[PDB]
Structures are given as structure tokens and as C-alpha cells.
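Residue numbers (the deposited numbering), protein chains in the order written: chain y, 2 to 57; chain q, 1 to 99; chain i, 3 to 146; chain r, 1 to 139; chain c, 54 to 211; chain p, 1 to 114.
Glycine included, each C-beta is placed from N, C-alpha and C at the ideal position.
What follows is a short report on a single structure.
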RNA sequence: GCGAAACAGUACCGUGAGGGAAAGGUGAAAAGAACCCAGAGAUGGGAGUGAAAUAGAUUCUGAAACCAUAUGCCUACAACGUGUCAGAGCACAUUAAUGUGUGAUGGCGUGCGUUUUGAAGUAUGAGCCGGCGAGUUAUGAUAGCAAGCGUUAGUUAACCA
RNA sequence: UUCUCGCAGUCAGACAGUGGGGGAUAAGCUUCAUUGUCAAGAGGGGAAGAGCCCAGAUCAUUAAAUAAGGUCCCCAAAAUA
RNA sequence: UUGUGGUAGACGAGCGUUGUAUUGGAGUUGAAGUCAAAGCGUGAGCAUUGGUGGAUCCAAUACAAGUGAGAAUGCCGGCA
Ligand SMILES: [Mg+2]
Ligand SMILES: [Mg+2]
Ligand SMILES: [Mg+2]
Ligand SMILES: [Mg+2]
Ligand SMILES: [Zn+2]
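Below you can see the structure in the form of C-alpha cells.
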């Protein structure tokens with residue numbers, strides 16, 4: 002099944018309205034400073050005041 | 001105050017000190033033209049026309065209206081004739097009206 | 003060329019009205035209502051500015067249809083489904099829903115247009131004498 | 001006071017780069033470097049480096065304030081394309097076109113920086129009408 | 054043309070079943086390989102004819118108008134000599150006779166060689182035997198110097 | 001001699017495109033569509049340059065009917081009262097404009113009552 | 001224009017005969033962009049040479065289709081071959097002009113070529129832009145118009161200088 | 001609209017009124033004679049219609065009188081008996 | 001005064017392009033080409049100013065043609 006008429010530059014742009022991205026939530030790890038995405042462990046390897054990994 | 005005047009073939013409602021555009025009058029800039037035909041000068045209605053009544057105007061300028069570019073085109077039948085037109089006009093304003 | 007015709011624009015001022023549709027007939031009332039809404043009778047009718055007045059119609063159920071129409075002429079309404087014809091009769095319209103009758107009879111008299119749907123909302127058809135639109139201070143005139 | 005930075009023919013699509021370039025545009029630089037590092041896109045590892053390079057160019061070269069910076073205007077223009085053939089059923093050989101993107105990021109210092117471009121626009125027509133008028137003296 | 058181009062008489066596509074144009078041959082006028090359909094050919098004749106008597110009429114009238122136009126100074130054999138192979142003396146003669154910016158034409162009967170040794174490096178001017186002046190070559194002159202002899206010849210030719 | 005001539009074609013197409021600006025979508029971009037729309041627009045111009053004097057007269061009639069209906073007579077009776085009695089060539093618009101400056105119009109509508 | 005302005009009958013297709021392309025230009029001269037910052041690096045941004053680096057090796061000019069950014073105006077009850085004639089409000093200010101951009105709202109409005117008795121067409125062609133592309137030529141015939149020459153007229157061909 | 005000379009194009013027609021054939025006084029059927037129109041022709045009426053009625057567009061005018069058709073609203077225009 | 005709708009189709013007058021010829025003339029104090037602009041023409045079409053660009057070009061009269069593109073399931077390139 003093919004298009005019978007080309008979908009113009011107007012209909013296409015409207016479809017992509019819902020394609021925009023979301024800014025993912027960001028938290029600031031305590032025990033160092035940086036913006037780790039929230040509910041993860043930052044590159045410190047420290048999650049909260051507990052150690053779960055190596056230096057970076 | 002007002003008056004109704006037949007200049008060219010169009011009847012105009014005209015007060016003191018108003019500028020209106022009529023069809024070409026063959027009269028150079030700055031001269032005073034006395035439009036002759038008139039009806040309903042001031043509460044005084046001439047039936048055919050108001051006799052011995054004129055409106056005295058000073059011609060301001062001769063101009064050409066905006067271009068009208070008429071193209072006529074029979075559909076699917078070998079015809080695309082084109083023509084352009086710039087109707088000339090004269091803009092003029094009134095000084096006072098002869099009673 | 004010539005002096006441009008005068009045409010009011012957003013210079014609209016609209017006064018309410020009241021007509022008590024006691025013993026009038028449907029269509030003769032409806033044309034007068036349609037003209038009053040459109041402002042067709044205004045001395046300065048600009049065809050694109052809703053220069054017309056508001057209107058409130060009272061005692062809708064008392065309006066009368068001449069002849070035997072009360073049992074012979076039907077009003078139809080169709081949903082987009084199949085078998086969705088709802089077919090009601092003049093006697094049943096003068097009892098069950100009377101305001102809808104005058105509303106529809108008025109709307110059809112307006113042009114297929116973009117103010118028609120904005121004109122028609124200037125018609126308030128209460129079924130009975132009482133109303134809650136005494137606040138707007140309407141005038142009152144007979145048979146319009 | 002713009003201090004842009006451009007990368008040409010990056011092997012990314014123009015239409016995938018425009019999705020994160022929208023995230024970064026208009027926002028301050030402190031909440032751009034990190035917000036762009038943290039997003040899970042191929043179009044982010046390719047713009048974090050470029051944005052940081054633009055930061056460094058602005059700070060060293062032109063000498064702007066830094067913490068007054070903001071990402072003025074972001075795009076991903078179409079870079080040159082590559083054409084390749086792809087086999088198919090029965091040998092029909094469609095053409096795959098690899099895309100590319102000429103990314104460029106501009107970093108302004110003063111909060112407005114937009115009426116100035118309009119000012120240049122208006123000057124470019126003011127001088128045209130002026131040259132037109134000075135040539136009406138053909139009498 | 055369509056045929057001389059090193060070209061393929063092979064039909065590029067089958068006539069039908071492949072959805073494309075018909076396109077019989079690769080070297081057609083509308084392809085870009087290019088068979089120029091009509092083009093210019095090396096055989097065009099480019100030649101016009103004029104009755105001899107009409108030509109005598111034209112030459113006679115152009116001589117009549119040019120020879121009464123206050124520039125046709127008559128010349129003698131003497132200054133064809135007394136001008137060495139050098140052209141400087143000829144340029145002095147032109148300058149003194151206020152004939153610099155004109156295009157003066159010398160007409161001669163005996164074809165002297167000192168004269169044409171000069172004026173050859175001059176792009177403006179040129180010397181011709183009587184039998185070598187044409188209607189164009191004469192009505193282009195805008196100034197000419199006839200030698201006194203050729204009149205006797207010219208009157209005979211009308 | 002060979003002549004290419006890409007100047008003239010582009011200039012002509014540029015004029016056609018410049019004619020159609022403020023057109024939706026591609027109608028101002030592609031020339032093939034721009035020419036169709038310019039032709040059609042000029043057809044509409046030719047038809048409307050006649051329909052508008054067909055319609056303005058109707059509007060004047062309507063706004064004169066409304067004014068006369070509030071004095072006790074209709075427009076279809078007023079025209080007699082201009083032609084046959086007190087022969088007047090007052091135009092069909094100006095008798096309309098005279099309501100926008102009224103109380104000089106009432107002089108008309110009561111003048112023909114004679 | 002030779003198929004071919006360059007390492008073209010090359011690369012490539014075909015078992016084979018054979019078929020068979022595309023693309024050139026820095027600047028006057030490399031003075032081919034040492035050095036610094038970011039970066040792993042290409043590269044980019046300053047510096048530097050230079051008349052110009054919007055001439056930077058993507059290298060004369062650099063349209064259009066096309067993809068992104070932005071001032072100004074409109075649009076989320078609306079039936080739309082998408083424009084036109086009227087017309088408000090809004091924002092600006094010109095090849096000085098009854099001016100410019102948008103255009104809530106009214107009236108009106110079934111594309112272009114082709115072929116057909118007749119197509120908006122449920123008949124067909126074109127996805128869009130640019131370029132290329134179709135009544136010429138030789139030698140004779142008749143007719144019209146103009147010119148030279150003329151009442152024992154007019155006129156040269158080949159060839160020769 | 002007769003005569004001579006150069007130059008073509010055309011030879012698939014359609015419908016409405018009228019008089020008949022074939023047809024079944026069936027066909028938007030077919031074949032003819034005739035009057036128009038369309039083709040090759042727009043505007044108004046017809047709600048919408050190539051072929052009906054009125055008419056026959058040089059272009060502009062935000063001028064006036066009319067033809068067919070029509071006057072409660074849509075849709076401009078009327079009342080009395 | 002009579003007219004001026006129009007396909008096929010007959011006839012007339014014309015614009016533009018490329019080059020040659022003679023005649024005038026502009027050009028690094030910025031030529032053509034290219035975009036933009038709120039101009040002028042009855043039409044084909046024609047100017048004016050500014051940015052870019054970095055060397056040829058414009059008008060008048062004749063002459064000669066590879067002379068004028070929206071369609072060929074057109075060819076080539078690019079792009080949706
Ligand atoms: Mg289809
Ligand atoms: Mg999606
Ligand atoms: Mg055509
Ligand atoms: Mg098909
Ligand atoms: Zn941390």
C-alpha cells in the first residue's frame with residue numbers, strides 16, 4: 002500500500018511534534034559534586050553514603 | 001455643509017476641505033475647476049440638477065492607479081492572452097461651494 | 003474611482019430584547035428573530051461584524067402550528083449510525099422539547115457561514131415565562 | 001561576541017542531531033554540558049565535545065565572562081551525503097544514502113544579542129534606500 | 054547527427070514490461086550522449102549573386118557620393134615617392150593633412166612599392182589597385198586619396 | 001553558432017514566482033504550480049472586478065431598505081417617489097450614505113411626500 | 001565539442017564477440033595556514049602571511065528544488081483546487097507611493113497540457129528544481145513582394161587571374 | 001455569398017424544438033430534412049447541468065435604466081383588491 | 001461612423017537571445033553573472049539602488065542562426 006499523494010512538508014512536520022525529547026531528571030550526588038541522573042550511582046562509585054564501585 | 005456633486009459619471013458626497021479622486025479631467029495641476037452639475041447642495045434639492053450652482057475645486061494631481069494585470073486563459077484550449085491596465089485618475093480637493 | 007462605502011468595524015453595540023411568544027406561529031416568528039439576530043434591519047448593516055442584537059424568547063411551548071401539521075409533519079434527527087433516524091411529530095415537539103423546536107427553526111434560516119454558529123448563540127429560548135436573564139435589562143417589544 | 005564552533009560531515013543524521021540540539025538551545029551553559037552528557041543518545045557524545053570546545057574558544061579567544069554565557073542558537077545543517085548500493089531480492093539494487101551533519105553552536109554573552117542582528121538587517125536596507133535617494137539627484 | 058556519433062544501435066531497454074520510457078537508442082537527440090538533430094553542416098553555400106549591371110550601378114553611385122564629399126583629395130605619383138620605406142613620413146603627411154582618426158584609402162593604378170611599404174604597419178589605412186576596390190571597401194573609406202591617372206580609367210568603366 | 005540562454009528562462013520564471021507571494025505551501029516555491037495559481041488568481045480577479053459592483057449595489061439597496069422601513073414605507077415604493085414625482089437623479093449609494101449623517105436624509109424621505 | 005581537456009577505450013558489465021561512463025579553475029606567488037586554547041584526533045576557534053582567509057586546500061563565481069534558526073502578524077468549533085473581491089485589528093516605514101507584511105470575518109470559487117461529441121474528472125502525462133531536447137540544409141518548381149536591366153531584350157555556368 | 005490567384009484546416013459530431021423511417025409513437029438509441037445552441041462561447045435564470053430561456057465579454061468605475069426569471073429568511077427586491 | 005469573444009487555421013506588426021561588421025562609449029573610483037527591493041511599459045520584456053563578485057561589456061542600424069520550454073511513463077545531475 003502506497004501513498005496516492007505526497008505528504009507535504011506541512012503534514013510531516015506536524016507528525017513529529019510528539020518526537021521531542023525529555024530532559025531526564027538530575028540529582029547532585031552528595032560525597033562529591035556532580036550531576037548524576039537521579040536514582041543512580043555517580044561515577045564516584047558512591048551511592049548516598051555507601052560505596053558500590055571503584056573510583057570512576 | 002455637505003453637497004452632492006456629479007463629477008465624471010460618479011456622484012460624490014463632499015464637504016469642505018476633502019480630497020477625492022475622479023476620472024481624468026484634462027486640466028493641469030493647480031488650476032481651479034468649477035464642477036457644474038450638482039444636486040442637493042444644502043437642504044436645497046434640485047430635481048433634474050441644482051441650477052446655477054457649482055462646486056469649486058483645486059486639482060491636486062494626475063496619477064495612475066495601481067496596475068491591474070488581466071490575463072485571460074481558456075482552459076485546455078490553446079489560449080493565454082495577457083493585458084495590463086493602469087487607469088488614470090485625478091485627485092482634487094474643494095475650496096468652497098458657490099451658493 | 004469613488005468614495006469608499008462606509009463600513010463599521012468592531013464598532014458594535016448590542017441591546018437585548020424580549021418577545022413573549024404566546025400565540026405566534028413558528029415561521030413568522032422565526033424570520034423576525036433571524037433578522038433581529040443578524041441585525042438586518044440596522045441602518046448601518048456591515049455584512050461581516052455581527053452587528054445584530056440579542057434575543058430571549060419566552061413561553062416557547064405556547065407557539066402554534068397552523069393546519070393539521072401537528073400530526074403530519076415530522077422533524078428528523080440522524081446520528082451517524084444506521085437505523086439512527088429519530089422521527090418526532092409536531093404535537094410531540096410542542097410538548098417534550100419546545101425550545102429546541104424554535105432553536106432549530108431559527109438556525110436553518112441563517113446562512114451556511116462562520117458567524118451563523120456565533121449568531122445563533124445570541125438566541126435564548128426559555129420554554130416558560132420565568133427566566134434568569136432579568137439582570138441584563140432587556141427592552142420588550144411585541145411580535146418580533 | 002558569539003564565538004561559535006563548527007564540526008563538519010559528522011557521521012550522524014541531521015534529523016537525529018536536531019533532537020538533542022533542541023534540548024540544549026536557549027539554556028545556560030552550566031546546565032548544558034551536564035544535561036548533554038547525561039542523555040542517552042549518539043547525538044550527545046558528538047555535541048558535548050563540540051560545546052566544550054566552544055566554551056574554551058569563547059573564554060580564551062574572545063575573552064567573555066563565562067558564567068554569563070548561554071547557548072544562543074543551535075542547529076544541525078545537512079552535511080555532504082554518501083551514496084551506496086544495496087542488494088535486494090532478484091537483484092534490484094536500491095541506493096542507501098548515508099547522511100551527515102555540519103553542527104555549529106553559537107554562545108552569546110549578553111542576554112539580548114538578537115536585536116543586534118535585527119539592527120544589522122535594518123542598516124542593510126537603510127543604506128539601500130539611502131543610495132537610492134542619493135541617485136534621485138540625476139537632475 | 055544521430056548516426057555519426059560513436060553509438061549504440063543496441064536498444065537500451067525492452068520496449069515493454071520495464072516501466073520506463075521507450076527510448077530506442079542511447080545516442081538520440083534528447084539524450085545527453087548527443088545526436089544533434091539538425092545542427093550546422095559544412096556544406097552551406099553562403100553565397101549571394103548580383104547582376105553585373107546592378108553591380109556597376111552600385112559602384113557608380115558609391116563613387117559618385119564618395120568623390121564629392123570634401124575629402125577625396127586627388128594625389129599624384131610624386132608623393133608616392135618622396136616618402137621612403139619609413140612610415141614616419143607618412144604619419145607626418147596624415148597628421149598635417151588632418152586625416153589621423155579617419156580611415157584613409159589610397160587607390161593607385163601602377164601599385165607603387167614605397168607607398169605600400171608604408172601604411173602596412175598602420176592598421177587604419179590601406180592601399181589598393183583600382184581593380185581591387187569594392188563597394189564596401191570604398192564606402193567604408195570615410196576619406197580617400199585618388200591618383201590623377203585612374204580617372205581616365207574610371208570614366209571608361211562608368 | 002550555439003546559444004544556451006539560461007538567463008532569459010530564469011528571469012521569466014522569476015517574474016511568475018514573484019507574482020505569487022503569500023501563497024500557501026509550495027505554491028510560492030515551485031514555478032509550475034506558481035503559474036497555475038497566478039492564472040487562476042487573475043481569472044478570479046476578472047470575475048470579481050464585475051461581481052463586486054454586482055454586490056455593492058445590492059448592499060446599498062439593503063441599507064436603504066432598512067433606513068426606509070423605519071419611516072413607514074418600503075424601498076420598492078421610494079424609487080417611484082423619486083422618478084415620477086420630483087424627478088431626481090440622486091444616486092443609489094449617496095441616499096445610503098446620507099443615513100450615516102442622518103437628519104439630512106429625513107429631509108429626502110419627507111420631501112417626496114408631496 | 002572526438003566516446004576521451006585528467007594515466008579513456010581506462011574503471012566497470014559480460015565466459016565471449018562486444019557494450020562502455022563521470023568529473024577541470026586557490027592565489028599573481030604557498031607566503032599550504034609555525035604558535036596558543038578545547039579535544040584522543042581529524043578538526044574548530046584566535047594568531048600569522050596576504051589586497052581579501054565569506055580566497056584555507058570542501059579550494060573561480062555559487063541560483064533553484066531542499067533542510068534548519070529568527071524579528072513582525074495570524075492559527076487549537078473548524079468543511080478548506082487553498083486564491084480572489086471586500087475588511088477589521090496588529091507591527092513597521094518605502095525604487096513616496098490614494099504605501100508595506102500578516103489577514104479574525106462576509107461574498108465567490110470543482111487545477112495545467114493532451115485527446116475527445118463532451119473531461120474537475122472514478123481517462124490518461126508530469127514527485128520537485130536546474131540544464132539538454134523537436135520544421136533545418138543542398139539542388140531544382142510555382143506563387144507573392146522588392147530591386148537591377150529592357151524591346152532583336154535579360155543572363156551567365158564550368159573554368160582562368 | 002459572383003470570378004481568378006496563394007495558403008490551409010475539416011470528413012469520430014452532440015443535444016433541444018419540429019416532420020417522418022428503423023425501433024415496441026422504448027431508449028441520453030440509431031438514420032435523415034429543417035431551426036437553433038454547443039463545439040470553437042464567458043454572464044443571469046435554471047439549486048447544481050456544454051447543448052433549454054435570455055444574451056453575444058475591448059479594459060477600468062464602490063454610476064443609471066432593463067431582458068428572461070423573481071420579490072417571508074437563506075437571497076437583492078411588493079403592496080393592495 | 002462601424003466595430004474589437006474565439007480552438008483548428010490564413011495574414012500583419014513586434015520583444016528577446018548568440019555572434020560578425022562598421023559607428024559612439026562605460027569599466028579595479030569595480031565589468032558581466034547572482035540574490036534582494038515598497039519601480040516603468042498594451043505584451044513579449046525593460047530600467048534604478050545596495051550586498052556579493054573580481055574582468056569584460058552596453059546602446060543605435062544591418063547581417064547570420066545549434067535562437068526562445070511546463071508536459072514526450074523524455075535524457076543527465078541533485079533533492080524531497
Ligand atoms: Mg489516479
Ligand atoms: Mg513519531
Ligand atoms: Mg503548451
Ligand atoms: Mg491508470
Ligand atoms: Zn559523586
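#1: Along the alpha helix (DSSP H) that carries residue 76/q, what are the first and last residues, could you check?
#2: Quick check: what's the CA-CA separation for residue 122/i versus residue 58/p?
#3: Heavy atom of ligand 1 less than 8 Å from the Cβ of residue 5/y, yes or no?
#4: Going along the chain, which residues of the stretch 5-28 of chain y sit with their C-beta nearer than 8 Å to a C-beta in chain r?
#5: Specify whether the stretch 16-23 of chain q and the stretch 40-52 of chain y touch according to this definition: at least 3 beta carbon pairs, one from each stretch, less than 8 Å apart.
#6: Quick one: which residues of the stretch 40-67 of chain q get their C-beta closer than 7 Å to a C-beta of chain p? List them in chain order.
#7: Using the beta-carbon count (16 or more within 10 Å), is residue 82/r buried or exposed?
#8: Which residues mark the beginning and the end of the alpha helix (DSSP H) in which residue 37/r is found?
#9: Does any residue of chain r have a CB that is nearer than 9 Å to the CB of residue 54/y?
#10: What residues are listed by DSSP as bridge partners for residue 91/i?
#11: Quick one, which residues of the stretch 59-70 of chain p are near chain i if we go by CB-CB under 8 Å, in chain order?
#12: Contact between the stretch 11-19 of chain i and the stretch 52-60 of chain i: three or more CB pairs below 8 Å?
#13: Using 10 angstroms around the beta-carbon of residue 14/r, count the other beta-carbons present and answer buried if the total reaches 16, otherwise exposed.
#14: Going along the stretch 33-54 of chain i in order, which residues come within less than 8 Å of chain p, judged by CB to CB distance?
#15: Assuming residue 90/i and residue 27/i are in contact, meaning their beta carbons sit under 8 Å apart, how far apart are those beta carbons, in whole angstroms?
#16: Check whether chain r comes within 9 Å of residue 32/y, counting only Cβ atoms and requiring the distance to be less than that.
#17: Between residue 51/p and chain q, is the shortest Cβ-Cβ distance under 9 Å, so that the two count as touching?
#18: Alpha carbons only, please: which of 78/c, 173/c and 156/c is nearest the one belonging to residue 195/c?
#19: Within the same chain, show all residues whose beta-carbon is closer than 6 Å to that of residue 69/p, passing over the 5 residues directly before and after it, in chain order.
#20: Please list the partners that residue 20/q has in chain i, where partner means a Cβ-to-Cβ separation under 7 Å.
#21: List the residues that DSSP assigns as beta-bridge partners of residue 127/c.
#22: Note down, in chain order, each residue of its chain lying with its Cβ closer than 8 Å to the Cβ of residue 70/q, except the 5 sequence neighbours on either side.
#23: Quick one: complete alpha helix (DSSP H) runs, 4+ long, within the stretch 136-187 of chain c?
#24: Regarding residue 93/r and ligand 5, is the C-beta to nearest heavy atom distance less than 8 Å?
#25: Going by the beta-carbon positions, is the gap between residue 62/i and residue 130/i smaller than 9 Å?
#26: Taking residue 84/r as part of the beta strand (DSSP E), name the residues at either end of that continuous run.
#27: Ignore the nearest five residues each way along the sequence and tell me which others in residue 77/c's own chain have a CB closer than 7 Å to its CB.
#28: Using C-beta distances below 7 Å, list every residue in its chain close to residue 88/c, excluding the 5 sequence neighbours before and after it, in chain order.
#29: Along the alpha helix (DSSP H) that carries residue 26/q, what are the first and last residues, could you check?
#30: Would you mind reading off the limits of the beta strand (DSSP E) that contains residue 58/p?
#31: Against chain i, does residue 12/q count as a neighbour if the rule is that its beta carbon must be under 9 Å from one of theirs?
#32: Which residue marks the beginning of the alpha helix (DSSP H) containing residue 80/p, and which one marks its end?
#33: To the nearest whole angstrom, what separates the beta carbons of residue 1/i and residue 10/q, a pair I think is in contact under 8 Å?
#34: Can you name the start and end residues of the alpha helix (DSSP H) that residue 27/i belongs to?
#35: Does any C-beta atom of chain p lie closer than 9 Å to the C-beta of residue 35/q?
#36: Determine the direct distance from the alpha carbon of residue 10/y to that of residue 104/r, and round the result to whole angstroms.
From the atom records:
#1: Premise fails: residue 76/q is in no alpha helix (DSSP H) and is neither H nor E.
#2: 24 Å
#3: yes
#4: Listed by position, the residues of the stretch 5-28 of chain y near chain r (Cβ gap below 8 Å) are 20, 21, 22, 24, 25 and 27.
#5: no
#6: 40, 43, 45, 47 and 48
#7: So residue 82/r ends up on the exposed side.
#8: Where residue 37/r is concerned, the enclosing alpha helix (DSSP H) stretches over 30-38.
#9: No, no contact with chain r.
#10: Residue 91/i is bridged by DSSP to 76/i.
#11: 59, 60, 62, 63, 66, 67, 69 and 70
#12: yes
#13: Counting of Cβ neighbours within 10 angstroms places residue 14/r among the buried residues, the total reaching 16 or more.
#14: 42, 43, 44, 45, 46, 47 and 49
#15: At roughly 19 Å, the Cβ-Cβ gap does not stay under 8 Å, so residue 90/i and residue 27/i are not in contact.
#16: no
#17: no
#18: The candidate whose alpha carbon is nearest that of residue 195/c is 156/c.
#19: none
#20: What residue 20/q touches in chain i: 5.
#21: 199/c
#22: 82, 83, 84 and 85
#23: 141-149 and 166-170
#24: In terms of side-chain proximity, the C-beta atom of residue 93/r is found no nearer than 8 Å to any non-hydrogen atom of ligand 5.
#25: yes
#26: 82-86
#27: 64
#28: 54, 55, 58, 80, 81 and 82
#29: It is not in any alpha helix (DSSP H) - residue 26/q carries neither H nor E in the DSSP assignment.
#30: Not the beta strand (DSSP E): residue 58/p falls in the alpha helix (DSSP H), residues 31-68.
#31: At a cut-off of 9 Å, the C-beta of residue 12/q has a neighbouring C-beta in chain i.
#32: For residue 80/p, the uninterrupted alpha helix (DSSP H) run begins and ends at 80-83, by DSSP.
#33: Here chain i comprises residues numbered 3 to 146, so residue 1/i is not present and cannot be evaluated.
#34: It is not in any alpha helix (DSSP H) - residue 27/i carries neither H nor E in the DSSP assignment.
#35: no
#36: 24 Å
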